Amino acid sequence: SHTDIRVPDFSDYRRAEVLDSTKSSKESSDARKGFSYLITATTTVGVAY
Amino acid sequence: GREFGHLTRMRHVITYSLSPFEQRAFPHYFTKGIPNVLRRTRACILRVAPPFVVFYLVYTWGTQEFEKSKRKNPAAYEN
Amino acid sequence: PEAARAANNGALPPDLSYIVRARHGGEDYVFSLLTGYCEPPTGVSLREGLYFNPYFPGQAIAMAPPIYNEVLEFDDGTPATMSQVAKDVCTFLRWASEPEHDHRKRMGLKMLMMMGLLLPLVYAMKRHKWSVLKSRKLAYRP
Amino acid sequence: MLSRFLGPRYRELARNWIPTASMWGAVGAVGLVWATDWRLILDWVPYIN
Amino acid sequence: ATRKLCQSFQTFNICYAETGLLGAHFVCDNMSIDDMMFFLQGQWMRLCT
Amino acid sequence: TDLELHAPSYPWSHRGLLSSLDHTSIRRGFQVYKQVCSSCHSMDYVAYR
Amino acid sequence: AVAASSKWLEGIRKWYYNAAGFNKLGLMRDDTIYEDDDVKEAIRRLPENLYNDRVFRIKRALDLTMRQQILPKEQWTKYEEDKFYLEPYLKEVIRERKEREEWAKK
Amino acid sequence: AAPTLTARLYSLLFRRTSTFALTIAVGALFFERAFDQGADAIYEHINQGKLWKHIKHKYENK
Amino acid sequence: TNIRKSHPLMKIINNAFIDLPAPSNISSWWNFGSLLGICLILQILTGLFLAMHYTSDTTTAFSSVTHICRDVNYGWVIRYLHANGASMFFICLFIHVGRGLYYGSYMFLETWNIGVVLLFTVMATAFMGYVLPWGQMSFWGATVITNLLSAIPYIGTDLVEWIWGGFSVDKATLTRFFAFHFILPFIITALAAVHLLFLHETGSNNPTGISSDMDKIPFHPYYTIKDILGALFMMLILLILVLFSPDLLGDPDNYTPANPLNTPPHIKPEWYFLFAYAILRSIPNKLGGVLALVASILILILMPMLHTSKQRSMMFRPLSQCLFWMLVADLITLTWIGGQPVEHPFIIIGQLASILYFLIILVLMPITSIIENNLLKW
Amino acid sequence: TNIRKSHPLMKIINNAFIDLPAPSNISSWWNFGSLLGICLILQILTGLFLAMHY
Ligand code: HEC
Ligand code: HEM
Ligand code: HEM
Ligand code: HEM
Ligand code: HEM
Ligand SMILES: COC(=O)N(OC)c1ccccc1COc1ccn(-c2ccc(Cl)cc2)n1
């Protein structure tokens, strides 16, 4: 049956602020999606060479 | 005529994915990566390396026999 | 060149504005030949115009030694011995061959500092897109 | 293993095609010397001098 | 309806006590998925501005 | 025609990767070309400019 | 076809199977064949359960090579469990090509 | 669950990708004149007393 | 109504670079095809500068090049960008050919045959660019080509006289070498668009040698960001060789001017021709030596016909991997021998290594694939 | 199996010059577009010569 299908566990890949499965990730998402993101922005100030 | 909806026939296969903003871009790097790049080195070392050893031995024999054919004359240098 | 080699017993001393870029020693060769003169050894019977220099191709340069102690005295005051004469003229003739020397190395320093910024930042941008494929899982349910 | 030339029916392969080529191995001795400025066949005939 | 891109679509608003799901569902043939996803995402962005 | 003698490595003050030339030793070495030589050698590519 | 080297030449066959490493990616021998025109006709003639098994085994091996990883050693394909599922279908496709070629020259 | 300081200005300038289209132009400073700390202070330190603008007071206003 | 799927010019770009299906397990050895396209563009925007300030004659060629490094502004950086940028092109070309030889990419027959034409055209171009500066290596290297080019038994003596400007070393020699060097890089740019149009019919091969139609990904953004990162690492290596050692790949004797003044202490070309100069020099006949020079590059066309394995690539063939690296070590030997004088140990070595280069491709590789076929019970 | 309809390079030439649908009442004023392509090619194989000796 299709109810035998569940997502396998992704705990050894997640960011360290979303391992808790019970907190609803309100403010741990906009203060999370910035890790590789001035990485992209300070790249393009280096392309000014 | 090679576009994405027209490539091949496939049945009964399921894939699961995570968003890039939900995971860390650097997982296990020296915990997994250093044991991985060492057995990859072991798997290919007996195929690639023994040809380049024979180039080294021919190069040393070829530069050393060049000098003692030229002006290196200890004892064959008489009347 | 007609009157050149007649003044030097059948040899023309060459131009020097590219002489350290044109030999297999750089400015180490010019220094080691200006200060390396010897006397002709046993059996080497050299002709009219040959002074025995062991750092020459053919051992038989047509060159009497040009420099010795105090052929010159410098402008600010420096003991003008023979090695000091040759060391300064071999800091000349290298700037002459390569007048871009100090500009080449200062521009190479800003290159290494800008590519020390661009390269770890393009690599982590590549790492961000490819993590979708690296984390995926497959299942077969026939 | 290019034995497609070796067959008992396609021996008449070369018998319908070579009566075209009765001059075609020597058209370089007829046609290229029209532009070489040599004297390859210019001694053969008193046609040309 | 003009291009015959799908069989149907619908938008939903599923609510729970603290969270929910806000989105859309559609049915189409195998050569129309990319165009239907392109036009739907362009209507969400046309309401944000 | 038998062997040759190659020059050794002298530790010049411009030998390093980020090393400049000494700009007092070029002034002293210009006069070793000017007043001790140019009786045999031209240097037809450098000026007084 | 030598009876004295019956076991010795099977030792070199088992050694070469492990030196080649498609069994570390979970592949069978007929998964690795180069697909010319006779091979592509034999794939079209496979039954539906053997076709779907081959498609998943190839996709799982391409995904492992992207990550530069292999399978655990208890999941490697054994030497005396490798099924030559494509070889009866390929011998028949080639026999039909050689029949149409003797007819075209006789 | 207090976060780290990676919420840089993500809610302030970086969400609507208005920054990303023009970082060749707008977000382009702090890396020419702020890098007087860089190569020129390093290059003249390895070559102290060897460049021309080091031996310069000896030969003007004589 | 999607504009990148319906505009007549935008839909060509979309099918070629954006929405193109690509295998997901493509390695870093597949980076060197776009690197060759970067090196070819760079050699065009730098050869602009040099041909602007240039005069090609027997009296002024050696001084026209020394004028640029000193007098012409930003001329030292652009000249050594051009001399090292051609060494970068040749290392990205030998990696590229050895990839397609290892993974069986020559089974794409039309793409492989246009590639062999591209290998001839860049080799002949760079020969006619090293003759332009007119030093000792420019003279004595050009005058060993024409000894084997006048050995053509009928047309050869009027062939070399037609390309030497008219007699010999003169003013107009460097008006036909320079003409055959300005215009040959643009036939390469048109032969590269045709080269990719034939690859687009099948898509790319992958390191396993198995077709990958069940596991394709789009080219953007996965390989657009991976080709940009690999090109940035190439500019770092090139600018290090230009700004820190711009004479490492070169010969000092080509700073000694050209004249028939005196025989040089040695004769040797650049590093990427040393394997070819070593083969013709080990044949004591100027007709047998010019035949084995052309037979060392055009032997690549026989690679589809000599294939006897049931598999495509070399990933699962351990006995064939040993022979591939014996061939790479044989080309390292010929590059070393080709810069050595013609003396006692370097004639028996340089002529046995010329034999083994042809014995591996023609005889040893087809027999070994058959032996591996029997060991896998097919 | 018609090679000018299936070869990847030949089918571009066939759609552009051979099998292209064209109006039947086209005049001599429609000749000058291919004449401009002849004049541009001629100015390239003649500007070769002049920039050589220049
Ligand atoms: C006694 C006259 C004379 C003097 C003065 C002189 N040279 Fe020479 N030198 C010669 C001659 C003659 C040759 C060329 C010999 C030949 O070509 O066989 C030569 C050759 C050379 C060479 C080339 C050596 C080689 O291996 O080819 C260099 C470098 C050189 N001189 C540098 C200098 C420098 C620097 C000075 C100034 C300190 C100087 N010379 C002064 C006579 C002289
Ligand atoms: C100016 C020279 C060349 C250019 C610009 C060029 C460009 C490219 C590009 C962009 C690709 C696709 C990406 C890749 O796989 O790397 C490619 C693939 C290929 N090239 Fe080249 N190439 C050149 C020379 C050659 C040569 C000399 C050969 C062979 C003798 C060759 C044979 C091939 C083959 C067989 C492929 C497909 C490989 C595969 O998908 O496995 N090319 N080339
Ligand atoms: C495939 C592209 C190219 C290759 C492999 C190549 C190779 C070379 C080489 C080896 C030299 C000799 C440099 C030296 O020995 O110092 C050179 C210089 C030269 N090239 Fe190119 N080149 C290419 C493109 C071009 C282009 C596009 C032009 C003209 C527009 C050009 C014109 C010249 C000229 C005039 C010189 C002489 C200047 C000098 O020697 O510094 N080349 N090139
Ligand atoms: C180097 C310059 C040009 C070349 C090679 C060229 C080439 C051509 C060719 C081959 C055609 C199709 C045959 C024909 O109808 O004559 C054509 C048609 C056309 N050209 Fe040009 N042309 C050039 C310049 C121009 C200019 C300057 C204009 C207008 C300002 C223009 C506008 C048109 C138009 C509107 C057509 C279609 C006419 C019709 O079918 O009634 N072209 N061109
Ligand atoms: C659209 C194509 C072209 C046009 C309309 C054009 C136009 C002209 C004109 C008006 C002159 C002056 C002749 C005189 O006054 O005596 C000339 C000559 C010249 N052109 Fe071009 N030309 C074209 C193509 C080229 C090309 C392809 C090149 C270089 C490869 C070139 C380079 C030169 C040079 C160097 C001269 C020297 C002056 C002379 O020899 O008379 N031109 N061309
Ligand atoms: C950068 O230029 C040099 O290295 N050149 O030529 C000025 C040089 C300089 C000195 C000595 C010899 C050479 C040339 O040696 C060779 C050996 C083989 N080729 C060759 C050339 C074209 C083609 Cl298609 C195929 C093979 N050239």
# chains A, B, ... in the order shown; residues from 1 in each chain; ligands from 1
call {"tool": "residues_near_ligand", "arguments": {"ligand": "ligand 5", "cutoff": "9 Å", "atoms": "only C-alpha atoms and all ligand atoms", "output": "ChimeraX atom specification"}}
result
/J:39-54
call {"tool": "write_last_selection", "arguments": {"atoms": "N, CA and C atoms", "output": "CSV table (one decimal), in the first residue's frame"}}
result
chain,number,residue,atom,x,y,z
J,39,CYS,N,29.3,40.9,-52.5
J,39,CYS,CA,30.1,42.0,-52.3
J,39,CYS,C,30.8,42.0,-50.9
J,40,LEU,N,30.2,41.4,-49.9
J,40,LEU,CA,30.9,41.4,-48.6
J,40,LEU,C,32.0,40.3,-48.6
J,41,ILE,N,31.8,39.2,-49.2
J,41,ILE,CA,32.8,38.2,-49.3
J,41,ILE,C,34.0,38.7,-50.1
J,42,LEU,N,33.7,39.4,-51.2
J,42,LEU,CA,34.8,39.9,-52.1
J,42,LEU,C,35.6,41.0,-51.4
J,43,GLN,N,35.0,41.8,-50.5
J,43,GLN,CA,35.8,42.8,-49.8
J,43,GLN,C,36.6,42.2,-48.6
J,44,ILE,N,36.4,40.9,-48.4
J,44,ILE,CA,37.2,40.2,-47.4
J,44,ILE,C,38.4,39.5,-48.0
J,45,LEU,N,38.3,38.9,-49.2
J,45,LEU,CA,39.4,38.2,-49.9
J,45,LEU,C,40.2,39.2,-50.7
J,46,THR,N,40.1,40.5,-50.4
J,46,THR,CA,40.8,41.5,-51.2
J,46,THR,C,41.4,42.5,-50.1
J,47,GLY,N,40.7,42.6,-49.0
J,47,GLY,CA,41.3,43.2,-47.8
J,47,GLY,C,42.3,42.4,-47.1
J,48,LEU,N,42.4,41.1,-47.4
J,48,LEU,CA,43.5,40.3,-47.0
J,48,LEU,C,44.8,40.8,-47.6
J,49,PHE,N,44.8,41.1,-48.9
J,49,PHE,CA,46.0,41.4,-49.6
J,49,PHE,C,46.6,42.8,-49.1
J,50,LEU,N,45.7,43.8,-48.9
J,50,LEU,CA,46.1,45.1,-48.6
J,50,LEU,C,46.7,45.3,-47.2
J,51,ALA,N,46.1,44.6,-46.2
J,51,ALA,CA,46.6,44.7,-44.9
J,51,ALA,C,47.9,43.9,-44.7
J,52,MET,N,48.2,42.9,-45.6
J,52,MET,CA,49.5,42.2,-45.6
J,52,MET,C,50.6,43.2,-45.8
J,53,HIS,N,50.6,43.8,-47.0
J,53,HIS,CA,51.6,44.9,-47.2
J,53,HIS,C,51.0,46.2,-46.8
J,54,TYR,N,51.2,46.5,-45.5
J,54,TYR,CA,50.7,47.8,-45.1
J,54,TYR,C,51.4,48.3,-43.8
call {"tool": "residues_around", "arguments": {"residues": "stretch 58-74 of chain C", "least_positions_apart": "5", "cutoff": "8 Å", "atoms": "only C-alpha atoms", "output": "list in words"}}
result
residues 8, 9, 11, 34, 37, 46, 49, 50, 51, 52, 53, 79, 80, 81, 82 and 85 of chain C; 1, 28, 32, 35 and 36 of chain F
call {"tool": "write_last_selection", "arguments": {"atoms": "N, CA and C atoms", "output": "short mmCIF file (atom, residue, chain, number, x, y, z; two decimals), in the first residue's frame"}}
result
data_model
loop_
_atom_site.label_atom_id
_atom_site.label_comp_id
_atom_site.auth_asym_id
_atom_site.auth_seq_id
_atom_site.Cartn_x
_atom_site.Cartn_y
_atom_site.Cartn_z
N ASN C 8 89.89 42.01 -32.56
CA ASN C 8 89.82 41.02 -31.49
C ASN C 8 90.24 39.63 -31.97
N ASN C 9 91.04 39.56 -33.04
CA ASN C 9 91.64 38.32 -33.56
C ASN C 9 90.59 37.31 -34.01
N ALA C 11 87.03 37.48 -33.69
CA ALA C 11 85.85 37.26 -32.86
C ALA C 11 85.15 38.59 -32.62
N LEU C 34 83.27 36.37 -15.56
CA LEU C 34 84.08 37.55 -15.33
C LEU C 34 85.13 37.35 -14.24
N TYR C 37 88.92 33.33 -14.23
CA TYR C 37 90.04 33.12 -15.13
C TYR C 37 91.13 32.26 -14.50
N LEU C 46 97.31 26.88 -26.65
CA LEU C 46 96.39 27.81 -27.29
C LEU C 46 97.14 28.82 -28.15
N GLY C 49 95.30 34.44 -29.88
CA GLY C 49 94.34 35.20 -29.11
C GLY C 49 93.44 34.43 -28.16
N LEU C 50 93.97 33.46 -27.42
CA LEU C 50 93.13 32.60 -26.59
C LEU C 50 93.60 32.63 -25.15
N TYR C 51 92.75 33.12 -24.25
CA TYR C 51 92.98 33.09 -22.82
C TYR C 51 92.05 32.05 -22.20
N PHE C 52 92.61 31.16 -21.40
CA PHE C 52 91.91 29.96 -20.95
C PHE C 52 90.88 30.31 -19.88
N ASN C 53 89.60 30.25 -20.25
CA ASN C 53 88.49 30.45 -19.33
C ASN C 53 87.70 29.15 -19.23
N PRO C 79 84.26 50.27 -1.47
CA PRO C 79 85.50 49.60 -1.88
C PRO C 79 85.33 48.83 -3.18
N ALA C 80 86.06 49.25 -4.20
CA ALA C 80 85.87 48.79 -5.57
C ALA C 80 86.84 47.66 -5.87
N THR C 81 86.66 46.55 -5.17
CA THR C 81 87.37 45.31 -5.44
C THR C 81 86.69 44.55 -6.57
N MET C 82 87.34 43.47 -7.02
CA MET C 82 86.98 42.84 -8.29
C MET C 82 85.62 42.15 -8.22
N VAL C 85 83.01 44.72 -8.15
CA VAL C 85 82.83 45.24 -9.51
C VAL C 85 81.89 44.35 -10.31
N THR F 1 84.47 20.83 -26.46
CA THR F 1 83.78 19.75 -27.17
C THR F 1 83.72 18.49 -26.33
N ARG F 28 75.54 51.59 -9.21
CA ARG F 28 76.97 51.28 -9.17
C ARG F 28 77.38 50.39 -10.33
N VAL F 32 80.06 50.36 -14.35
CA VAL F 32 80.96 49.29 -14.75
C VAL F 32 80.77 48.96 -16.23
N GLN F 35 82.09 53.14 -17.98
CA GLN F 35 83.45 53.63 -17.96
C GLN F 35 84.51 52.53 -17.94
N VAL F 36 84.12 51.28 -17.70
CA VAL F 36 85.03 50.15 -17.78
C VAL F 36 84.86 49.39 -19.09
#
call {"tool": "residues_near_ligand", "arguments": {"ligand": "ligand 2", "cutoff": "6 Å", "atoms": "only C-alpha atoms and all ligand atoms", "output": "number ranges by chain"}}
result
I: 30-34, 36-37, 97, 100, 105-106, 111-112, 115-116, 118-119, 192, 204-205
call {"tool": "residues_around", "arguments": {"residues": "stretch 31-35 of chain H", "least_positions_apart": "2", "cutoff": "10 Å", "atoms": "only C-alpha atoms", "output": "PyMOL selection string"}}
result
(chain A and resi 45-46+48-49) or (chain C and resi 110+114) or (chain H and resi 28-29+37-41)
call {"tool": "closest_residue", "arguments": {"among": "I:104, I:129, I:339, I:8", "to": "ligand 3", "atoms": "only C-alpha atoms and all ligand atoms"}}
result
I:129
call {"tool": "residues_near_ligand", "arguments": {"ligand": "ligand 6", "cutoff": "7 Å", "atoms": "only C-alpha atoms and all ligand atoms", "output": "PyMOL selection string"}}
result
chain I and resi 120-121+123-124+126-131+137-138+140-142+144+267-270+273-274+276-277+293
call {"tool": "residues_near_ligand", "arguments": {"ligand": "ligand 4", "cutoff": "9 Å", "atoms": "only C-alpha atoms and all ligand atoms", "output": "ChimeraX atom specification"}}
result
/J:26,29-40
call {"tool": "write_last_selection", "arguments": {"atoms": "N, CA, C and O atoms", "output": "compact mmCIF listing (two decimals), in the first residue's frame"}}
result
# COMPACT_ATOMS: atom_id res chain seq x y z
N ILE J 26 8.25 36.67 -57.46
CA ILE J 26 9.37 37.48 -56.98
C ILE J 26 10.12 38.10 -58.16
O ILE J 26 10.44 37.42 -59.14
N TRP J 29 14.11 42.87 -58.20
CA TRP J 29 14.47 43.67 -57.03
C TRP J 29 14.78 42.81 -55.81
O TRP J 29 15.35 43.32 -54.84
N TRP J 30 14.41 41.53 -55.82
CA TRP J 30 14.75 40.60 -54.76
C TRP J 30 16.09 39.91 -55.00
O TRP J 30 16.45 39.02 -54.23
N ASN J 31 16.82 40.29 -56.05
CA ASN J 31 18.15 39.76 -56.32
C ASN J 31 19.25 40.40 -55.48
O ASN J 31 20.31 39.79 -55.31
N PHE J 32 19.02 41.60 -54.96
CA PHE J 32 20.10 42.39 -54.38
C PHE J 32 20.48 41.98 -52.97
O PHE J 32 21.40 42.57 -52.40
N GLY J 33 19.81 40.99 -52.38
CA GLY J 33 20.17 40.51 -51.07
C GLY J 33 21.31 39.52 -51.12
O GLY J 33 22.19 39.53 -50.25
N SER J 34 21.30 38.66 -52.13
CA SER J 34 22.43 37.77 -52.37
C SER J 34 23.59 38.49 -53.05
O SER J 34 24.73 38.03 -52.95
N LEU J 35 23.33 39.60 -53.74
CA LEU J 35 24.42 40.42 -54.28
C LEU J 35 25.20 41.10 -53.16
O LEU J 35 26.42 41.27 -53.27
N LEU J 36 24.52 41.51 -52.09
CA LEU J 36 25.20 42.08 -50.93
C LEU J 36 26.07 41.05 -50.23
O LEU J 36 27.10 41.40 -49.65
N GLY J 37 25.68 39.78 -50.26
CA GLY J 37 26.51 38.72 -49.73
C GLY J 37 27.70 38.37 -50.59
O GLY J 37 28.68 37.83 -50.08
N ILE J 38 27.64 38.67 -51.89
CA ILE J 38 28.79 38.48 -52.76
C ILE J 38 29.77 39.63 -52.59
O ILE J 38 30.99 39.42 -52.54
N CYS J 39 29.27 40.86 -52.46
CA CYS J 39 30.13 42.02 -52.28
C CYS J 39 30.84 42.01 -50.93
O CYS J 39 31.96 42.51 -50.82
N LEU J 40 30.22 41.43 -49.90
CA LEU J 40 30.88 41.37 -48.60
C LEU J 40 31.98 40.32 -48.57
O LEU J 40 33.02 40.54 -47.94
call {"tool": "residues_around", "arguments": {"residues": "residue H:14", "least_positions_apart": "4", "cutoff": "10 Å", "atoms": "only C-alpha atoms", "output": "list in words"}}
result
residues 34, 37, 38 and 41 of chain A; 8, 9, 10, 18, 19 and 20 of chain H
call {"tool": "select_by_dssp", "arguments": {"residues": "stretch 104-253 of chain I", "states": "helix (DSSP H, G or I)", "output": "number ranges by chain"}}
result
I: 105-107, 109-130, 136-142, 145-149, 156-163, 173-175, 179-182, 184-199, 219-222, 224-243, 252-253
call {"tool": "closest_atom_pairs", "arguments": {"of": "chain F", "to": "ligand 1", "cutoff": "8 Å", "atoms": "only C-alpha atoms and all ligand atoms", "output": "tab-separated table"}}
result
residue	atom	partner	partner_atom_place_in_ligand_line	distance
F:32	CA	ligand 1	38 (C)	6.6
F:33	CA	ligand 1	37 (C)	6.1
F:36	CA	ligand 1	37 (C)	6.4
F:37	CA	ligand 1	37 (C)	5.1
F:38	CA	ligand 1	37 (C)	7.8
F:39	CA	ligand 1	5 (C)	6.5
F:40	CA	ligand 1	3 (C)	6.0
F:41	CA	ligand 1	40 (N)	7.3
call {"tool": "residues_around", "arguments": {"residues": "residue I:21", "least_positions_apart": "2", "cutoff": "9 Å", "atoms": "only C-alpha atoms", "output": "list in words"}}
result
residues 2, 3 and 4 of chain B; 18, 19, 23, 203, 213, 216, 217, 218 and 219 of chain I
call {"tool": "write_last_selection", "arguments": {"atoms": "N, CA and C atoms", "output": "short mmCIF file (atom, residue, chain, number, x, y, z; two decimals), in the first residue's frame"}}
result
data_model
loop_
_atom_site.label_atom_id
_atom_site.label_comp_id
_atom_site.auth_asym_id
_atom_site.auth_seq_id
_atom_site.Cartn_x
_atom_site.Cartn_y
_atom_site.Cartn_z
N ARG B 2 15.92 15.05 -28.21
CA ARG B 2 16.34 14.61 -26.88
C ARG B 2 15.99 15.70 -25.89
N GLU B 3 14.74 15.68 -25.43
CA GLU B 3 14.24 16.52 -24.36
C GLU B 3 13.74 15.64 -23.22
N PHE B 4 13.39 16.28 -22.10
CA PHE B 4 13.30 15.56 -20.83
C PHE B 4 12.08 14.65 -20.74
N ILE I 18 21.17 25.38 -21.35
CA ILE I 18 20.33 25.50 -20.17
C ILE I 18 19.56 24.22 -19.89
N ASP I 19 18.70 23.81 -20.82
CA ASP I 19 17.83 22.66 -20.62
C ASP I 19 18.40 21.37 -21.18
N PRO I 23 24.49 13.62 -18.06
CA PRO I 23 24.64 12.57 -17.05
C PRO I 23 25.02 13.16 -15.70
N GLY I 203 24.26 13.28 -26.90
CA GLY I 203 24.66 13.63 -25.56
C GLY I 203 26.02 13.05 -25.21
N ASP I 213 20.17 7.30 -19.72
CA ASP I 213 18.93 8.00 -20.04
C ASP I 213 17.92 7.99 -18.90
N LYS I 216 19.28 11.59 -15.99
CA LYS I 216 19.75 12.87 -16.51
C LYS I 216 19.37 14.03 -15.59
N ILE I 217 20.22 15.05 -15.57
CA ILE I 217 19.97 16.30 -14.85
C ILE I 217 20.10 17.45 -15.85
N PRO I 218 19.51 18.62 -15.57
CA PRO I 218 19.75 19.77 -16.44
C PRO I 218 21.16 20.32 -16.31
N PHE I 219 21.63 20.96 -17.39
CA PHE I 219 22.99 21.49 -17.42
C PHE I 219 23.12 22.73 -16.53
#
call {"tool": "atom_distance", "arguments": {"atom1": "atom CA of residue I:238", "atom2": "atom CA of residue B:40"}}
result
29.4 Å
call {"tool": "closest_atom_pairs", "arguments": {"of": "chain I", "to": "chain F", "cutoff": "9 Å", "atoms": "only C-alpha atoms", "output": "tab-separated table"}}
result
residue	atom	partner	partner_atom	distance
I:63	CA	F:45	CA	8.9
I:66	CA	F:45	CA	8.2
I:67	CA	F:45	CA	8.4
I:70	CA	F:45	CA	8.8
I:244	CA	F:17	CA	6.9
call {"tool": "residues_near_ligand", "arguments": {"ligand": "ligand 3", "cutoff": "8 Å", "atoms": "only C-alpha atoms and all ligand atoms", "output": "MDAnalysis selection string"}}
result
chainID I and resid 40 43:52 54 65 79:80 82:83 85:87 89:90 122:123 125:133 178 181:186 188
call {"tool": "residues_around", "arguments": {"residues": "residue A:32", "least_positions_apart": "4", "cutoff": "12 Å", "atoms": "only C-alpha atoms", "output": "list in words"}}
result
residues 14, 15, 16, 17, 18, 25, 26, 27, 28, 36 and 37 of chain A; 20, 21, 22, 23 and 24 of chain B; 1, 2, 3, 4, 5, 6, 7, 8, 9, 10 and 11 of chain H
call {"tool": "interface_residues", "arguments": {"of": "chain C", "to": "chain I", "cutoff": "7 Å", "atoms": "only C-alpha atoms", "output": "MDAnalysis selection string"}}
result
chainID C and resid 21:24 104:105 108 122:123 126 129:130
call {"tool": "residues_around", "arguments": {"residues": "residue F:10", "least_positions_apart": "3", "cutoff": "9 Å", "atoms": "only C-alpha atoms", "output": "list in words"}}
result
residues 28 of chain C; 7 and 15 of chain F
